[PDB]
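Each remark here refers to the structure printed beneath this line.
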Amino acid sequence: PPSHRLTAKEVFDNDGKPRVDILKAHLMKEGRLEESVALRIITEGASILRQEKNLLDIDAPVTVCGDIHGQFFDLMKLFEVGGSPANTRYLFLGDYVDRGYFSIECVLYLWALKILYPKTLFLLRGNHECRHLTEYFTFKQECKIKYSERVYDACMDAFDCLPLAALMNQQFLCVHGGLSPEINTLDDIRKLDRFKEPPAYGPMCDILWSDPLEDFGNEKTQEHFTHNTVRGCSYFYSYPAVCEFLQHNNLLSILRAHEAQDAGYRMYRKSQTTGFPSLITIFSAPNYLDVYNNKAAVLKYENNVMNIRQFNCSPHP
Ligand SMILES: [Zn+2]
C-alpha cells in the first residue's frame, strides 16, 4: 500500500473529469488521496446530487445494485459482473458505508464515477447515509484515521443530497427500505424535503428503514403496517399494503435492498393481478461481514428481460 497520496492533477484531468482507472488502481492498493483531493470529489459530487430529484426517473436498461457496506473490493468485482460504467447504466440503493473497512474508498470511488457519468450512473440514499449510524458504526472513525473529520463532515452533507427513490422504466419503484403509511402516491415522495439528517419518524425515515413482514405474503390478518421491532423503528409492511400501492400507482414491483439475502436476492409473493413478484430484495455485499458466506447479486433489467447476476467474494493478497 503506497505512502504516496494522490494529487489533484494525478486524479483529475484538466477538464475536471476524474481518471477513474488510475483512481481505482491506487485505492485497491489501499492508497489514500490528498485530503484536498478527497474533499473536491465529495463536494463536486454533492453539487450534482443536490440538483437531482427526490425521486429520479430512469429509463432502462440498467443494472440495479444493493448494499455495499464498505466492501470496496467486492464493489470492484460488482462492476466487472455488471459492466463498465462507461457503457453501463447503474442504480445503487444505498448503504455504501460502515461495517466494511473500505467505506471511504467506496464513497470516493462512487462519487468519482458520478462526476464522470452524471447521467449514466445513479445513487440512492441508504439508511447508513446519516450522522447517527456512521457515528455508531465505523465510518466516522475511519475518516478520522485515514483522512479527517472534515472529510467525514463533507460526506454527511453530501449524503443529505442523495435522492431517496427512483422510478425505473415507469414500472418499478426502487427504494432502499420500502413503503410508508404516509406515502400513498409517487407525488408524495416528490414533496418530501430530503436535504437533511433522516428523522426518527416519518415518511423519509420509512423509505430508508421499512421491511416486509417476516411472513410477508402469508400473513395472519390483513395487517398493513406494524412497528418494526427488528429495527426498533419505522414499520413492517405487508403483501396487501404493497399490492395496494402497486395497483394505485400503476406499478409492477418495489425493488429494494436493506434486508440481506443468502442468494444475493429474494423474490417475494406474486401480485395477484400482474403475475409478477410484488417485491424484490437485492443485496450486493458478498460474504457479508466475513461471516455470512453469502452470494451477492445485482439486477439487470434490459430489453424487457430481467436477469439476475449473482457473484462471490473477491480476495486480497
Ligand atoms: Zn439498510
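For any residue, its number in the authors' numbering is found by taking its place in the sequence shown, counting from 1, and adding 23.
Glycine is no exception: its CB is placed at the ideal position from the N, C-alpha and C atoms.
>> In the DSSP output, which residue or residues are listed as bridge partners for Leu56?
In response: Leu29
> Taking 7 Å as the line, does the beta carbon of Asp180 fall inside it for any heavy atom of ligand 1?
Replying inline: no
> Is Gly89 buried or exposed, if buried means 16 or more other CB atoms sit within 10 Å of its CB?
Replying inline: buried
>> Can you look up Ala181 in the DSSP assignment and give me helix, strand or coil?
In response: helix
> In three-state DSSP terms, what is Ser107?
Replying inline: coil
> So who's on the other strand from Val321, going by DSSP bridges?
Replying inline: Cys88 and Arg332
>> Could you tell me the alpha carbon to alpha carbon distance between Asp82 and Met191, rounded to whole angstroms?
In response: 6 Å
> Do you know offhand how far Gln245's Cα is from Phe268's?
Replying inline: 14 Å
> Hey, out of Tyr170, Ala189 and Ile65, whose CA is closest to residue 341's CA?
Replying inline: Any answer about residue 341 is impossible in this case: the structure gives the chain only from 24 up to 340.
>> Considering just the uninterrupted stretch of the alpha helix (DSSP H) at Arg154, what are its terminal residues?
In response: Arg154 to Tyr159
> Taking a cut-off of 7 Å, which residues have a beta-carbon closer than that to any heavy atom of ligand 1, in chain order?
Replying inline: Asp90, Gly117, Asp118, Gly149, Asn150, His151, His199, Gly200, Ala280 and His281
> Using the beta-carbon count (16 or more within 10 Å), is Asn317 buried or exposed?
Replying inline: buried
> What is the rounded straight-line gap between the Cα of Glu220 and the Cα of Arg173?
Replying inline: 17 Å
> Within 10 angstroms of its Cβ, does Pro235 collect 16 or more other Cβ (buried), or is it exposed?
Replying inline: buried
> Are at least three pairs of beta-carbons, each pair with one atom in the stretch 152 to 163 and one in the stretch 57 to 75, less than 8 Å apart?
Replying inline: no
> For the stretch 236 to 243 against the stretch 322 to 340, are there 3 or more C-beta pairs whose distance is under 8 Å?
Replying inline: no
> Start and end of the alpha helix (DSSP H) containing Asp80?
Replying inline: First-last for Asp80: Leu78 to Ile81, but that is the beta strand (DSSP E), not the alpha helix (DSSP H).
> Can you name the residues that DSSP bridges to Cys266?
Replying inline: Answer is none; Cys266 lacks a bridge partner.
> For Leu275 versus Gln164, is the C-beta spacing smaller than 8 Å?
Replying inline: no
> Which one or two residues does DSSP pair with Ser276 in a beta bridge?
Replying inline: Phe195
> Is it buried or exposed for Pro41, if we count other Cβ within 10 angstroms and need 16 for buried?
Replying inline: buried
>> Here's the rule I'm using: 16 or more other beta-carbon atoms within 10 Å means buried, otherwise exposed. How should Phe162 be labelled?
In response: buried
> What do you reckon, are the CB atoms on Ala189 and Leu78 nearer than 8 Å?
Replying inline: yes
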